Every structure is written in C-alpha cells, then in structure tokens.
Amino acid sequence: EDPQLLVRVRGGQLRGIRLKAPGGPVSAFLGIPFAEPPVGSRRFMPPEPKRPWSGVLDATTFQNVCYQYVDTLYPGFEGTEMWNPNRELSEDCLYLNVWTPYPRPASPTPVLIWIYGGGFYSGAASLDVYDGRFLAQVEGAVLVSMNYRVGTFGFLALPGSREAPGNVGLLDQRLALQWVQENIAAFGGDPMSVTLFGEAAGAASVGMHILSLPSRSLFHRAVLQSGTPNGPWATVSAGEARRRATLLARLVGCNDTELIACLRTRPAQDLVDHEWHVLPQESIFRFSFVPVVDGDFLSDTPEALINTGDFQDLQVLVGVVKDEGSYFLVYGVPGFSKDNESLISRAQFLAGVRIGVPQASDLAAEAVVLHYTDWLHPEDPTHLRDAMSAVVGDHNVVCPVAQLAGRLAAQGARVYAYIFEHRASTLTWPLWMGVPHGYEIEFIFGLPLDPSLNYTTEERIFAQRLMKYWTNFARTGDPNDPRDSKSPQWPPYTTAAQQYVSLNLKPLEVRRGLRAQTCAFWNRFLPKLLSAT
Amino acid sequence: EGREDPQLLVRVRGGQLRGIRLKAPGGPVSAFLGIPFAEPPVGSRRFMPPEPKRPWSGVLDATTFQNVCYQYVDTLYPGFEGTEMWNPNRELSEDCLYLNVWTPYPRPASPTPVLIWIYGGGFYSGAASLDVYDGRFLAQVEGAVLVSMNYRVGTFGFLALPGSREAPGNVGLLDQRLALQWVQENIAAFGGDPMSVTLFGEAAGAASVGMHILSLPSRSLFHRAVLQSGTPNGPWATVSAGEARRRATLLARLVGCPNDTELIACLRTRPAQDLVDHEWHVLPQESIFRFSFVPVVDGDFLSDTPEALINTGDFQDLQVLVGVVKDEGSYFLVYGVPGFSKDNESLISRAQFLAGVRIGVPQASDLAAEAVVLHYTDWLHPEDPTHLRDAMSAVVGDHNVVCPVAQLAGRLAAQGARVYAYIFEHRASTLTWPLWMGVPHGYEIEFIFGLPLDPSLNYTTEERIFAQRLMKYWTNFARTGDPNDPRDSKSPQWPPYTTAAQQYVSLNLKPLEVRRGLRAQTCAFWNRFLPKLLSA
Ligand SMILES: C[N+](C)(C)CCOC(=O)CCC(=O)OCC[N+](C)(C)C
Ligand SMILES: C[N+](C)(C)CCOC(=O)CCC(=O)OCC[N+](C)(C)C
Ligand SMILES: C[N+](C)(C)CCOC(=O)CCC(=O)OCC[N+](C)(C)C
Ligand SMILES: C[N+](C)(C)CCOC(=O)CCC(=O)OCC[N+](C)(C)C
C-alpha cells in the first residue's frame, strides 16, 4: 500500500494508481463518483451528490462512457475512432478523474479542469488525447476531467417541466466543479486557483459557466478552444427544445409528466436511434440536444448575456484552429470525402452552403456565396472546396470567437487569443482538410512527449511550449513565461488593436484582426439582413 | 481669295470654308473651327431633333471656336483652375451646333484614320472648345484627323416628354449622330477616311459613345470605340421614360408652365437661363454623380435599357478600348458631401461617412446603405478618418464608374468584342486639386490629347514621354483596333481583356504592367449582390 495513492475525500477513501509519464511517475485517481447515478427515475433529472461509501474505493481505472451515439462513417479509421467511446457505454457515468504529481504536491497547486467536446451528443474524459499525465508530470499541474451526460440524457428538455427541465449535463459539470472546491485540496490542488479549459462543445460549456452566476464562484479563469456559448449551434430556444423533445417522444411512441414518464421507460439505444431525426433542416455543425435558454441556468440568450455582462475580474484565453470547417464537410456535403481531394463544382458549392448555413434564407445564402466566391477564379474547384470549409468554420467557430473575444475585452476582461496552425505529422485525415477541428488538443495535453507516439522532435518542443502557455495562464491569468525575456510576448486581445498570436512550429507571431472583414459580414451584416428579410 | 493661304480653303456639302494654320510644338496644323452641322435649334425648334444645316453662300470663316451650348456654369470655387478649366470659354447660346476639325498641314495625301471626340460633363455641361480637347497635338504628332462637335446639354439636350412629338428626348445624342453623318459625307474633303472612324469620349462622352454602340442607326457611322471613365449602363447615364416625364413636368411647374403640346409650347417661351436656373431642383434625392436631364430609354434611340442591350447584343464586329482613372470618386465629394473641401485634408467621421453614403448611393434603401458601409469599413480601424475619406471616394467611384466599366468590359468580351482595358494612375505634376483627391476623374484627358508636349505648360519631361506613349496607344487603336505598336517588339504588350483572365494594364510613368481583375471582389458586390437585394 503506497500512501501517495491513498486519499480521503468527503465521501470516503480512494485508492489511485501510479502511472508512468516519460519524465517520471504521476498519481492518477480515475473513475471517482461525483453524483448518484442518473438512472431510472433520475433520467433527464438534475444530478444529486454522491452518497458516502465504506472502505477504500478503487480509483485505478476509467469508468463508463455516458450513453451516446457511436460514429460509423469510417469503421476502424483512427481519425474518427479516436473520438469514439473507449470504455463501455452506460447511463451510470457520472465520474471524474484527477492526475497529480507523484509524490503529491507539497503546497496548494493550480488546478486545470477539462470539459470535453462532442457536439453535446458525445465524448468521454477517458480518450487518449485528454490524458492528463503529461501536464501533471512536466508542469506539476493538478488536472481534473469529468464525464457529463450528452444527447437526450443530458439535454432533452421540456422547458418549465419539473422532470425534464433542461441543461442537466451542464449541471453535471457544475457538480464536478463543486466537488473540486470541496475535495481537491486533499490531492494537493488549490481550490482558490481553478482554470476551466475545453474544446468545441466543451468551450461552449466553459462559456456557459462564465455566463451562469452559480458557477462563477467555482472557478477563476477560463480557456475556450474552438467553441463559444454564443453562435448558431451551442444553444436552442425553449420553444425549439420543446419541439425536438416532443418529436423524439413521438418517434419512440410516447401533459409533460406523462410524456417524460414514458421516455424514461425506453431503452437508452432507442433514444439514440432517433436522435438525428429531430433537426429542422438538412445540416452540418448542428446538434439535436444542446443547452436551452431556460431562463434559469441561462437567464437570457448568451448574446444578451455577453452584451450586458460585467467581466472585470475575469481572464480568458480563446482561439481557433486553422481549418475549423473541413472535418464537418465529410459528414453531410455532397462532393466531400477523406478518400479523395474533394474538388467540387460551383453547383456543389451553392448546395453545400444551404447545408452549412441551414438557417439562411435564399438571399442570405446568395450573400454567403457571393462573399466567399473568388471572382478571379469563380469556378476553380480547389478554391470552391476551401471556400466551403471556410464558410462552415467561420460561421460556426471563428466569427463567434471574434465576437466573444471583443465583447469580453470591451467589458473589462483580460483576453488572449490565438490561431493554431500546426498540422500533426501523424494525422490520418487527408492534407486538404489542413488543421482540423479538434487537432490542437493532443499538443496542449502534451502527447508528443511520449516517444512511442512517433511525433517529430520539433513537435515535442512545440508541445512543451503549449503546455507552458496554458499552465502559465492557469497560474497567473497570463500565458507569458515570466522566466523569459527572449521569447516574443503574447499581447492581450483588445477591441482596438485586435491582437492574436499564431501557434505553430515557428516562434510566436503577433497579428491583428481575426478575419475582421469576413466576421463583420457574419456578425454585423447577416443579422441585419434576416431581421429584415 | 487670291491672297489667302490656298492650303486652308476647303468645300463641304453646305459650302466653302476658310480654316486657320495653327502652331503645334513640332510644326503647323490645319484647323477648321466652328463649322455648322445643323440648323440652330432655337425658338420653335428647342427640344426638337436637329435638322441638317442648310447650305450657306460664300466662304464661311472657320478660324475661331463657336458658341458653347447653353449650360450651368460652375462657381463652387471662383477663379480656381481645377474648376474653371471645365467651364465655357465662349459665349453661351442655344445656337451652338458646330463642329471642329484638326488635320495635318498640309492636309494628308492618302485617306487618314479619323478620331471623333465626344465631351463629358454630366449631360448638363461641356464644350468641344476647351483647352484640354485641343486636337493640334494629335494631328501634328500622329498625323491624325480629329473631329469634335458641340451637342446640346441639360434641358435643351435631354428634357423629354416621352411619346411626344415636340420633346421626344435624346436630342443631344441626335446632335452627336448628325455630326457623325456629317463626318461620313464630308471628312474626305479634309483627307480623312470615312471608312476608319474611331469614337472617343470621357464620362458622359464615354456614355454617349456606348449609346452609339447600342443604337443601330449610329453603328454604320463608325468602326471602333474608346470609353474613358464612363459607360451607357450604370446608375447615372440614363433614366426611364416615367422618370424623364416626372422631371420634365416638375421643371415646367418650377418655371411657370402646366396635354404635352401645350406644356412644351409654354416651355419654349421661357428664357434659356430660367431653365438652367431650375435644372438642379428636379432630382428625386439629395445626391452626387446624378444629373437631371440625361438619355431616356425611349424605345427609339434606346430600344431597351442599356443593361438589357449589353446582355443580349452581338458584338463580334466590335473593338473597344475602355478604362478608368485611379480616383474616380474624389472630385464629386466636394460638391455635396458634408465634411469635404478642396482646401483641407477632408478627414471625416464615421457619422459623416454614413451620411455621405446616403448622398452617394441615393437610390439605396437603408439595408443597402448599411451593406455599403459594412463592405467599405476597415474593421481593423473602423474610425480612422483618413481611411473613411478614401472609402467615401471609393464608394462613389466604384458605384458610378469602375464597376459599370467592369461589367461593360465583361459583357462585351463574353458577347464577342475585342476589349482592351486600363487603369490610369498618373497624377499630373501641375494638378491644382489637393493631393488627397489623387488622380481625379477627367485628369487623363490632357495626357491623351498630348498637352504635355507644349513646353509652355510646364509639365515634366517624363510627362511628355508619357503623353507621347498614350497618343500612340490611342491612335494605334484608331488605326488597327489594337493599341500595340506593330513594329515595336521589345515594349511590353497590352493583352485583350477576357472573362477568363480579366487582364488590363496600368498606365503610368513606368512601362505597361498587366494586372488581373478590375476590382473583381468589390464589383461583385455592386453588380451582383446589390441588385438582388433590390428584388426584395
Ligand atoms: C476504437 N476505440 C474507440 C475503442 C479505440 C480508438 O483508438 C484510438 O484511436 C486511440 C488512439 C488515439 O487516440 O489516436 C490518436 C493518437 N495520436 C493523436 C497521438 C496519433
Ligand atoms: C470532438 N471533435 C469535435 C473534435 C470530434 C467531433 O467529430 C465529429 O464527428 C464532428 C462532425 C459531427 O458532429 O457529425 C455529426 C454526425 N451525426 C449527424 C451522424 C451525429
Ligand atoms: C475662365 N474661363 C472659363 C474662360 C477659362 C478657364 O481657363 C482655364 O482654366 C484654361 C487652363 C487649363 O485648361 O488648364 C488645365 C490644363 N493644364 C494643366 C494643361 C494647363
Ligand atoms: C471632368 N468633367 C467635366 C467630366 C467633370 C468635372 O465637372 C464637375 O463639376 C464634376 C462634379 C459635378 O458633376 O457636379 C454637378 C452638380 N452641380 C451641377 C450642382 C454643380
């Protein structure tokens, strides 16, 4: 019995496991329950805290993945499979994971809490790209990750109902945050220095905690990678949530109480079987069950809340990858595949814009087509294929990030912004997709430090830089290394100067204006258009 | 005669003429100035098509420029060369339908390609007698035969009650056409070749050239065309019949007149100055780069809108040279956008930019206007008053000249034309407008006409070499339909503009440089998106 691996939390005693990182050992405490299993009558309900347990609880292995859709597009292909469940699926899934240095930190240590993405319909904290041992070992971080409910189980809402009030997967996250406040000191973490970080739906999630008061007392700084609470996909109105839940109910054969009662009788997979039959249009970058503007967790729309918020004592790191849109084109737009170069026709480009901007009127779609067409090379298939990716990336991620970045800065936040431009040498998706959505994550987590993964030396040194920016941000709210004059400074993003940095193999470069002209189109003109069209 | 210069006596259909020997820097040229080509359009003949000149007896003195057609005189900046150079330099009269011919001295031996100039000035102003339209240098240096005509402007040229007998519209264009017919019948007497006639014009003059391309009866009267900083398509060059009627009727009210016969009869009693004095009160909006009396779509001279005619025309037989100056819009800002002056740097606020967009795009709805502001804003520096000033200039230049030209060039090339395109980017060293205006609308003309060859005008040496190059491109185009020198083969070539490659050339003090796409992205906004906005 190794006493570094024995921890007493409020609910009782835990035994972790010593893991091998390249540089030395780390302590891992995996599969720690933070809620009563949300099963049976508890399906669609807010989480309750985990009852205390007897003896020593085994925290040496990852727990089950929350019940979710499993991708079939390309069976056996790493590029897709690396996001799929790597443990058994279960509704009993509300567990979290802590990595700390071994031996446990001598003094209170800043805590990073990771919130995974997956369109709010998928994901797990157990995926290889979310492995906390490298940050723990190399930077001395205390790293936490939690499972939260996805799909119908986390986000099916009959707004105003007692029994499916909405947003319960966000409440799972909040409960894990409260758990860290109450317990993390036992592991050597500092509950007074907690930084949330997440990517895509997880970044959206972090943003929603920024915009929901009860969560604000549970963390100090935030990182939003390739996602925002504002924007076209991260939330639905109460009326639309109700529509989709009643449609799903109808499709599985089901007074809210009577309707939800019958949904609870249904096997998990029966619900997943009809998850993708409830969206209003043929779309990509659109998810059926997502956070709802309930007037409770979210008191108003994210837009309203970011415009009117006071963000004075907040620090935020935000950014995007170079090719946010490409990944999504192969899941919906005719002409696109990982197995060819996806050179497309102009006709195919117009059709793809209707699918990528599903809420666009005929005229708005035309405006999108006209803005993104290169009028020097209007029928060039390479240009049209890349234009399609940009439409999707800009509309869904880049322009929402620019918007958020600017509102936070204007309203007193300390903001830092990046664009991530390195394509991993070991990437299995084709070259045309460039640096796709999700593919900075393996670098921030420091996976290239594992020599068995076959990254280059240059990538390892890069990963080390990124780990430093992130953990320095966690420590001080400023990604800049205070043990460095030599390396170029990362300036705060401001609405005036609009400075952001490029994260790539070359040293930091400072740039101005995150797609400024194109995002004025999406952020300023299109709204005016359709609030008139 | 007996003691007169025998090389200055020429006969035309209407009778004998006596011209004058003028000095060009390189040597003498022959000028026949003030040749009547129509009966004076005065009295009962105001607003009516021109009738051809009845023959005169004896020798008509053709040694001085004749009257300028009755028109508005600019007094925005009295005594200032930049404005006065465009103002009338002879007496204003409704008796003004005269033309001018410059030829080599002695007159050429064999039939010589002819250039016909059509002036601009908003269809409300201009004269063939202005110094910048002096044909002596082209005639002497290139051996050209050059012809310029006065044509009626403003109400006199363009006021219309469409469908009427007494004011059918487009009579100023018919003035131009009669001058073209005159050239066909008479130019051989001067040594010109009526089988090689190239029209060229700037601004409203270029729009006029384009309307002759689009009007069948005009097309037998020339072979090739140059359109400088203007087009028949676009927001200003024409009005609909209903809009012409409304403007004509309002003007009649304003001067104390209101059945068409009766209304026109009463207009014909008004002093010409009374019409000019009320001419600017009939525009539908507060505006710049809009003119009250312009060509009307009458279903006669213009059988359909120019937009429709360029979309469906067959232009296989056509060779055209078209282009724009670097800063088409700047000139117009000082005539009505608050914040703008020739006497300061005209740095404006963002509020002043939105107000200026409404004046510069007066037909635009609120949504259209914000589309324009959003497109033209620099979102890295959305309140920089230097960018905002230059954006205002670009808005007006792009909307009225650059994108209409881009579109004209595109359609003509698609429909069979041989098109050559330029941007003119040299600012005259002697320009009296402020530096912020750049290369303003109309400031290429003095170079094409070769004024820098006159050393008394104080242009630089480089400017003189430059003018000689331009004169060569223009006259080579007149001669052959191709601006390229057939026996210079070392100097960089000017390729035709095509829809595929969208090639055009920079005209400046450096050797020709080929560029691609004439404001391709921005012109897609004006030419494709804004229209679609309108349709709902
Ligand atoms: C099918 N399954 C869901 C049960 C396991 C999927 O396996 C992986 O992709 C794990 C390896 C992985 O994460 O791939 C990316 C590794 N990388 C980025 C270091 C190359
Ligand atoms: C976490 N990650 C975002 C980095 C990987 C997500 O990958 C996707 O499948 C994105 C494409 C997508 O959302 O497709 C939905 C497929 N559908 C409709 C079958 C569920
Ligand atoms: C007063 N007026 C209306 C009777 C005549 C105005 O005179 C001029 O501006 C003639 C000078 C001129 O055309 O100068 C501009 C061209 N440049 C630079 C070659 C002299
Ligand atoms: C070179 N050019 C003769 C072709 C144009 C220069 O003349 C102008 O006045 C341009 C500005 C303008 O058109 O103002 C008209 C408005 N008005 C009549 C009220 C002065």
Side-chain angles (χ1 to χ4, degrees), chain A residues 65 70-71 75-88 124 126-131 424-428 438-439 441-443 445 447-448 450 452-455 459, chain B residues 68 71-91 119-127 129-134 154 201-206 228-230 236 276 279-281 283 287-292 325 328-336 396 400 428-433 440-447 449-454 456-459 463 467:
Chain A
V65 171
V70 174
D71 201 85
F77 169 66
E78 170 171 297
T80 55
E81 292 290 356
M82 66 183 275
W83 308 107
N84 276 339
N86 64 344
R87 296 296 187 286
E88 284 289 332
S126 53
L127 308 183
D128 289 3
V129 298
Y130 310 146
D131 190 346
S425 53
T426 63
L427 198 57
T428 53
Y439 286 89
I441 297 176
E442 59 200 76
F443 291 92
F445 276 93
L447 272 68
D450 183 351
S452 87
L453 296 186
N454 296 313
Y455 290 95
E459 285 174 314
Chain B
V68 169
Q71 64 188 254
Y72 180 90
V73 177
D74 200 282
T75 57
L76 183 52
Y77 298 120
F80 174 61
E81 172 170 295
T83 52
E84 301 285 2
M85 63 176 286
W86 307 108
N87 275 338
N89 63 344
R90 316 291 283 165
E91 166 175 356
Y119 60 79
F123 294 106
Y124 74 90
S125 65
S129 58
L130 307 179
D131 287 8
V132 284
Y133 312 138
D134 187 349
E202 188 268 353
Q228 303 173 205
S229 299
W236 59 265
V276 171
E279 170 172 44
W280 297 103
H281 298 310
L283 283 173
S287 60
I288 58 162
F289 220 135
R290 295 296 188 269
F291 317 103
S292 303
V325 302
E328 293 285 356
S330 60
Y331 200 112
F332 293 91
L333 304 186
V334 303
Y335 281 96
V396 173
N400 294 293
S429 67
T430 59
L431 199 35
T432 64
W433 292 101
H441 180 77
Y443 287 88
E444 87 278 26
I445 300 178
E446 67 205 61
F447 287 93
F449 277 83
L451 273 61
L453 283 59
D454 184 353
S456 88
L457 297 180
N458 294 337
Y459 291 90
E463 279 177 318

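Quick note on labels: first sequence line is chain A, next is B, and so on, each numbered from 1. Hydrogens, waters and symmetry mates play no part in the numbers below; they use all other heavy atoms, side chains included. Order of appearance sets the numbers: ligands from 1, and atoms from 1 within every ligand.
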Interfacing atoms of ligand 3 (cut-off 4.0 Å, heavy-atom, [X]):
X: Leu451(B); value: 19 (C)
X: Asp131(B); value: 10 (C), 13 (O)
X: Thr430(B); value: 18 (C)

For [atom], which protein heavy atom lies nearest, and how many Å away is it?
atom: atom 5 (C) of ligand 4; value: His441(B) CD2, 4.2 Å
atom: atom 15 (C) of ligand 3; value: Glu81(B) OE2, 3.3 Å
atom: atom 12 (C) of ligand 4; value: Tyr124(B) OH, 3.6 Å
atom: atom 13 (O) of ligand 3; value: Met85(B) CB, 3.6 Å
atom: atom 19 (C) of ligand 1; value: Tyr455(A) OH, 3.0 Å
atom: atom 10 (C) of ligand 4; value: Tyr331(B) CE2, 3.4 Å

Requested in this report: Please state which part of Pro85(A) comes within less than 4.0 Å of ligand 1, counting heavy atoms only: side chain, backbone, both or neither.
Outcome: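 Backbone only.
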Query raised in the report: Does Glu279(B) have a non-hydrogen atom less than 4.0 Å from ligand 4?
Result: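 No, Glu279(B) has no heavy atoms under 4.0 Å from ligand 4.
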Query - Sub-4.0 Å heavy-atom contact, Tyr119(B) with ligand 4 - result: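 It does not; every heavy atom stays at 4.0 Å or beyond.
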Query raised in the report: Hey, are the side chains of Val325(B) and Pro440(B) touching, using non-hydrogen atoms and a 4.5 Å cut-off?
Result: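 Side chain of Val325(B) against side chain of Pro440(B), heavy atoms only: no contact under 4.5 Å found.
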Those atoms of ligand 4 less than 4.0 Å from some heavy atom in [X]:
X: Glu202(B); answer: 4 (C)
X: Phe291(B); answer: 13 (O)
X: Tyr335(B); answer: 9 (O), 11 (C), 20 (C)
X: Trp280(B); answer: 18 (C)

Query - Interatomic distance, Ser292(B) atom OG to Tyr72(B) atom OH [nearest 0.5 angstrom] - result: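 Between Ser292(B) OG and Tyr72(B) OH, I get 11.0 Å after rounding to 0.5 Å.
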**Report entry** Gap between atom OH of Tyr443(B) and atom OG of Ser330(B) - 0.5 Å precision
**Finding:**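 Those atoms lie 9.5 Å apart.
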Give the minimum heavy-atom separation between [X] and [Y], together with the two atoms involved.
X: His441(B); Y: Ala203(B); answer: NE2-CB, 3.5 Å
X: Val132(B); Y: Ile445(B); answer: O-CG2, 3.7 Å
X: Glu202(B); Y: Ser229(B); answer: OE2-CB, 4.1 Å

Query - Atom indices of ligand 1, in the order listed, that fall short of 4.0 Å to a heavy atom of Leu453(A) - result: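 In order of numbering, the contacting atoms are 19 (C).
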Requested in this report: Just jot down the ligand 1 atoms closer than 4.0 angstrom to any heavy atom of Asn84(A), in number order.
Outcome: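 Atoms satisfying the 4.0 Å criterion: 3 (C).
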Report task. If the plane angle is over 60° it's perpendicular, under 30° parallel, otherwise tilted; pick one for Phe447(B) and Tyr459(B). Result ->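 Rings of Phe447(B) and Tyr459(B): perpendicular, as their planes differ by over 60°.
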Report task. Could you tell me how the ring of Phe445(A) sits relative to the ring of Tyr130(A): parallel (under 30°), tilted (30 to 60°) or perpendicular (over 60°)? Result ->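 Taking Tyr130(A) first and then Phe445(A), their aromatic rings sit tilted (interplane angle of 30° to 60°).
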Query raised in the report: Is the closest side-chain donor-acceptor distance between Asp74(B) and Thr83(B) under 3.5 Å?
Result: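 Per modelled atom types, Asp74(B) and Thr83(B) side chains form no pair under 3.5 Å.
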Query raised in the report: Do you see a donor-acceptor pair shorter than 3.5 Å between the side chains of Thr430(B) and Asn458(B)?
Result: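 No, no side-chain donor-acceptor contact under 3.5 Å.
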Requested in this report: Apply the test ring-ring contact (aromatic ring centres under 6.0 Å, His included) to residues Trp83(A) and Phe77(A): give CA-CA distance (whole Å), side-chain angles for both, the deciding distance (0.1 Å), then the verdict.
Outcome: CA-CA 11 Å; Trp83(A) 308 107; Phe77(A) 169 66; over 10 Å; no
Query raised in the report: Would you call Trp83(A) a ligand 1 contact, heavy-atom distance under 4.0 Å?
Result: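 The answer is no: ligand 1 sits nowhere under 4.0 Å from a heavy atom of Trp83(A).
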Query raised in the report: Under 6.0 Å between ring centres, would you say that holds for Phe123(B) and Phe291(B)?
Result: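 For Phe123(B) and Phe291(B), the ring centres are not under 6.0 Å apart.
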Query - Option with minimal heavy-atom separation from atom 7 (O) of ligand 1, where the choices are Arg87(A), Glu442(A), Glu81(A) - result: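 It is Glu81(A) that holds the nearest heavy atom.
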